[PDB]
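**Student:**
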Ligand SMILES: Nc1nc2c(ncn2[C@@H]2O[C@H](COP(=O)(O)OP(=O)(O)OP(=O)(O)O)[C@@H](O)[C@H]2O)c(=O)[nH]1
Ligand SMILES: Nc1nc2c(ncn2[C@@H]2O[C@H](COP(=O)(O)OP(=O)(O)O)[C@@H](O)[C@H]2O)c(=O)[nH]1
Ligand SMILES: [Mg+2]
């Protein structure tokens, strides 16, 4: 029944926001998982 | 990819080639003067694949007519569409090949080859984007067979990156004009395995059997056999000469049809089977057209497709029909006949539908199969060859031209390797 | 000003481009000659000439001229300047090696010179949108060659793809699995975000929802164009979500390689149908979680979400949206990975979906496009990889690529990279 929403913007044609129903379960940034140049290509 | 350069070599090559040009000219609405008199924009959309546009409304076949004998050329010029051909494109010798592969490949043929290449170069340099070459010839004769394969090798040397396609007619004892046909065929097959990208194996054994057994023609003539050849040639070239998504050019056809370089010998099929006189006929629905794909009775190569497995298949449906019905019927055949398609080449059956039916029919179907069953045709030639070669019969006709026995042994061995290669993929499993 | 350059490669790319640009013109009121009798955001996609004509910021490339020749003879021949429609003579013949090496190497410098001329007209170039098929030799081979060169010339500039995943119902080559794996391997490190469009999913939507017995590319592309327009509407109109190309990446891409979002669109309604009740926000939102409305065939219930974007268009109110999301959570699990919040980023763009007059799609008051990064998309890679393996075990058709200068080792490398990609989707979903 409870939920969180985070308002972002509003414009000529827009209005966006976040929604959170079940927050991150581990806490913190993602923890799981060249070049070239022209010479390298040729 | 646009222009195809067509070459016609020998008696058979010129006879079948002339019929091809009258059949396709009629489909594209071109009369014997070169003028377009049709009433459909589809007829002209890809006209440039086979015809050069000359000054004004006229269309000229991009065809080179070759023979070591003059008579056949005269017969072509005298013909219905004989006047459509470029006069400068008739290249003929005076000294024939006498149904001797050695004369066609090494002696007389070698003397005429440069005059032919000069005409093919003229046609090729005129091209915006040459796809490659299409050769019609017999394998049982001397010119079509020996000179035809010499031309393939000389053309391959100058245009190594172009597609080399042939319509090669296989000899048969049932409709034989010479006792040495097994030698001429074996020597030619050796050349084709190495030098062509795609070969349509047109078997006189199968054409005779269709005429005699199915068309009930007691004594079949070359005219009767050629009616089946021209229907097949029209069918297999449909994708190249009309707007379409599948196999629209010689290279895309080869890429879809040839999984291994040497296995480029196709078994053509056609439905419905008709005789020159039969302008009846009242028949042929979509399920009926589809069923004749596995029908050995409808094969232009004397092989039973149920004796092997299809590596790749191209099926062309012609006439006004449901694309939904075609797709359903085609899927049904693959599901019901699972065992006759290799499991290690996914979605190996490609279908195309062309609104324009061939002449005389409202509905038709053409099949192009790369089947392991084609080994039956090569086995037949090898056994006929060995029966003669074991006793060195008629060998003096070839050694007399400067040939060595080793060439015979090599050609035979290469053809038997081809048979062994087809058998290998017939027995291969998706155990992966 | 934040300009976006659109690149259309091969038949699929060019034909989808025709559908997209036709739709953009209808949305912005631009006529086929570039004239408009007039928000201002459309300038990100259309430049303006001295005569008040609006020209797409796009390049159309094909190795064969047939397809593009239709654009230069067609209704929109005046929309594009001739120099932005580039064609060769010889196609890649459904061969990645021909497209990438043999034929591609001849036209690459010319294509990049045209792209450079378009980029010179930009004050704040955001990056590129690349449309191509996986299956064709140009679509596969030329695209990966171009993507590599674009990374060199346009250092840390955003590149997004609209990739046509092959389907047997509409497939033209037996070698499409080879071309698909070769292009995916080579392009992976050069693309920021790629939206795959499975031709079978589109074929089935046209058959099921639009009652088209035998869907044509024209039918498929019109539907594709609607999804592309939904993704690009917030760049071309003053939107709030996915406002710039960098925002697509930020919102949907948690790891560099896992950059393949699943698109789901609703509603898809037949035009030749009796007047019906307009769908509510709840109804269209429910439709986003139905596998039948997906752009790629796969099962999200068997996967885990890592990001979800809901892009609404037309008569939509935030209260309606939140109520719809709340009811969905009560009935559906909607499982997210441990390290991600269970949530949605929602965007509303006020313009209702525009449809092509005489088209198969009905005009609706409101529509929605959900872009979700799910591990279930790995199922699409697995299907492709298996078909590759079947043929590759026998080296079937390999000679065609080797003959063009490719090495057999490139096939092994491409397949190993795909195995690592499948492994990445598996590792990402673990906890
Ligand atoms: N959705 C969609 N798919 C298409 C279209 N045209 C081709 N395809 C698909 O793309 C694949 C064929 O590749 P193409 O784009 O036609 O070929 P190409 O890029 O021009 O490359 P080459 O012709 O080999 O030089 C198959 O999977 C087709 O189903 C189109 O207009 N729409
Ligand atoms: N189908 C068909 N086969 C032919 C025709 N003419 C000859 N043949 C066959 O071709 C072989 C003889 O070769 P031919 O082309 O006459 O000799 P060439 O002039 O030296 O090439 C034999 O297998 C004949 O049965 C023809 O018009 N049609
Ligand atoms: Mg193409």
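Chains as they are written, first to last, in the authors' numbering: chain I, 4 to 36, 43 to 51; chain B, 1 to 44, 47 to 360, 369 to 442; chain A, 1 to 38, 46 to 438. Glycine included, each C-beta is placed from N, C-alpha and C at the ideal position.
#1: Would you check whether ligand 1 has a heavy atom nearer than 7 Å to the C-beta of residue 173 (chain A)?
#2: Within the continuous beta strand (DSSP E) that includes residue 139 (chain B), where are the two ends?
#3: Can you grab the Cα-Cα spacing for the pair residue 230 (chain B) / residue 173 (chain A), in whole Å?
#4: If you check the beta carbons only, do residue 261 (chain B) and residue 397 (chain A) fall under 8 Å apart?
#5: Could you name the residues of the region 356 to 384 of chain A whose beta carbon sits closer than 7 Å to any beta carbon of chain I, in the order they occur along the chain?
#6: Under 8 Å, Cβ to Cβ, is there at least one residue of chain I near residue 293 (chain A)?
#7: Can you tell me whether residue 337 (chain B) is buried or exposed? The criterion is at least 16 other CB atoms within 10 Å of its CB, across all chains shown.
#8: So residue 373 (chain B) packs on residue 286 (chain B), CB below 8 Å; how close in whole Å?
#9: Would you report the Cα separation of residue 350 (chain A) and residue 203 (chain A), rounded to the nearest angstrom?
#10: Look up residue 54 (chain B) in the DSSP assignment and give the residues it is bridged to.
#11: What I want to know is whether the C-beta of residue 145 (chain B) ends up closer than 7 Å to one or more non-hydrogen atoms of ligand 3.
#12: Using a 10 Å radius around the Cβ and a threshold of 16 neighbouring Cβ atoms, would you call residue 19 (chain I) buried or exposed?
#13: Return no unless some Cβ of chain I is closer than 8 Å to the Cβ of residue 5 (chain A).
#14: Below 7 Å, is the gap between the Cβ of residue 145 (chain A) and the nearest heavy atom of ligand 3?
#15: Is residue 49 (chain I) near ligand 2, in the sense that its beta carbon is under 7 Å from a heavy atom of that ligand?
#16: Report yes if the CB atom of residue 169 (chain B) is closer than 8 Å to the CB atom of residue 210 (chain B), and no otherwise.
#17: Under 7 Å between beta-carbons, which chain A residues line up against residue 442 (chain B)? List them in chain order, please.
#18: Would residue 193 (chain B) and residue 154 (chain B) be called neighbours here (beta carbons separated by less than 8 Å)?
#19: Check whether the Cβ of residue 251 (chain B) lies closer than 7 Å to any heavy atom of ligand 3, and answer yes or no.
#20: Helix, strand or coil for residue 143 (chain A)? Go by DSSP, reduced to three states.
#21: At a Cβ threshold of 8 Å, is residue 141 (chain A) touching chain B?
#22: For residue 241 (chain A), which option in I:48, I:17 and I:33 has the closest C-alpha, if you only look at C-alpha atoms?
#23: Using 7 Å as the cut-off, classify the Cβ of residue 12 (chain B) as near or not near the heavy atoms of ligand 2, replying yes or no.
#24: Can you pull the chain B residues whose beta carbon is under 8 Å from the beta carbon of residue 97 (chain A), in chain order?
#25: List the DSSP bridge partners of residue 61 (chain A).
#26: Say the cut is 7 Å; is the CB of residue 167 (chain B) nearer than that to a heavy atom of ligand 2?
#27: Just checking: is the beta-carbon of residue 289 (chain A) within a distance shorter than 8 Å of some beta-carbon in chain I?
#28: According to DSSP, is residue 219 (chain A) helix, strand or coil?
#29: Assuming residue 383 (chain A) contacts residue 310 (chain A) under a Cβ cut-off of 8 Å, what Cβ separation, rounded to an integer in Å, is found between them?
#30: If you drop the 5 nearest sequence neighbours on each side, which residues of the same chain put their C-beta closer than 6 Å to that of residue 237 (chain A)?
#31: Assign residue 380 (chain B) to one of three DSSP states: helix, strand, or coil.
#32: Going by C-alpha distance, which of B:94, B:69, B:87 and B:66 is nearest residue 35 (chain B)?
#33: Could you tell me whether the Cβ of residue 102 (chain A) comes closer than 8 Å to any Cβ of chain B?
#34: For residue 50 (chain A), return the contacting residues in chain I, with the cut-off set at a CB-CB distance below 7 Å.
#35: Residues of chain I with a CB under 7 Å from the CB of residue 83 (chain A): which are they?
#36: Inspect the CB distances between the region 192 to 202 of chain A and the region 264 to 280 of chain A and report whether three or more fall short of 8 Å.
**Tutor:** Walking through what the data contain:
#1: Yes, ligand 1 has a heavy atom inside 7 Å of this Cβ.
#2: In the DSSP annotation of this structure, the continuous segment of the beta strand (DSSP E) that includes residue 139 (chain B) starts and ends at 132 to 140.
#3: One C-alpha to the other measures close to 37 Å.
#4: No; because the gap between Cβ atoms is not below 8 Å, this pair is not in contact.
#5: Of all residues in the region 356 to 384 of chain A, 356, 357 and 358 have a Cβ within less than 7 Å of some Cβ in chain I.
#6: Output row for residue 293 (chain A): interface = no.
#7: With fewer than 16 Cβ atoms within 10 Å of its Cβ, residue 337 (chain B) is classed as exposed.
#8: Separation of the CB atoms of residue 373 (chain B) and residue 286 (chain B) is rounded to 5 Å, and the pair is thereby assigned contact status at 8 Å.
#9: If you draw a straight line from the Cα of residue 350 (chain A) to the Cα of residue 203 (chain A), it is about 23 Å long.
#10: The partner list for residue 54 (chain B) (beta bridge, DSSP) reads B:62.
#11: No, Cβ of residue 145 (chain B) sits at least 7 Å from all heavy atoms of ligand 3.
#12: The residue is buried, with at least 16 neighbouring Cβ atoms inside 10 Å.
#13: Not one chain I Cβ lies under 8 Å of residue 5 (chain A).
#14: Distance from the C-beta of residue 145 (chain A) to the nearest heavy atom of ligand 3 is below 7 Å.
#15: No, Cβ of residue 49 (chain I) sits at least 7 Å from all heavy atoms of ligand 2.
#16: Taking 8 Å as the cut-off, the Cβ atoms of residue 169 (chain B) and residue 210 (chain B) do not count as close.
#17: In chain order: 396, 397 and 400.
#18: Taking 8 Å as the cut-off, the beta carbon of residue 193 (chain B) is found closer than this to the beta carbon of residue 154 (chain B).
#19: Residue 251 (chain B) Cβ: outside cutoff for every heavy atom of ligand 3.
#20: Assignment of residue 143 (chain A) by DSSP, reduced to helix, strand and coil, places it in the coil class.
#21: Answer no: the Cβ-Cβ gap between residue 141 (chain A) and chain B never drops below 8 Å.
#22: Of the candidates I:48, I:17 and I:33, I:17 places its Cα closest to the Cα of residue 241 (chain A).
#23: In this structure, residue 12 (chain B) has its CB closer than 7 Å to one or more heavy atoms of ligand 2.
#24: Chain order gives the chain B residues near residue 97 (chain A) as 1 and 131, where near means a beta carbon separation below 8 Å.
#25: According to DSSP, residue 61 (chain A) bridges with A:55.
#26: Not so, every heavy atom of ligand 2 lies at least 7 Å from the Cβ.
#27: Not closer than 8 Å to any Cβ of chain I, the Cβ of residue 289 (chain A) fails to qualify, so no.
#28: The three-state reading of DSSP puts residue 219 (chain A) in coil, since its state is none of H, G, I, E or B.
#29: 3 Å between Cβ atoms; contact.
#30: Around residue 237 (chain A): 318 and 376.
#31: In this structure, DSSP gives residue 380 (chain B) an extended state, which the three-state scheme calls strand.
#32: Looking at B:94, B:69, B:87 and B:66, the one whose alpha-carbon comes closest to that of residue 35 (chain B) is B:87.
#33: Yes, residue 102 (chain A) counts as interfacial toward chain B.
#34: Simply none; closest approach about 13 Å.
#35: Near residue 83 (chain A) there are no residues of chain I at all, since even the closest Cβ is about 25 Å away, more than 7 Å.
#36: Judged by Cβ distances under 8 Å, the region 192 to 202 of chain A makes contact with the region 264 to 280 of chain A, as three or more pairs qualify.
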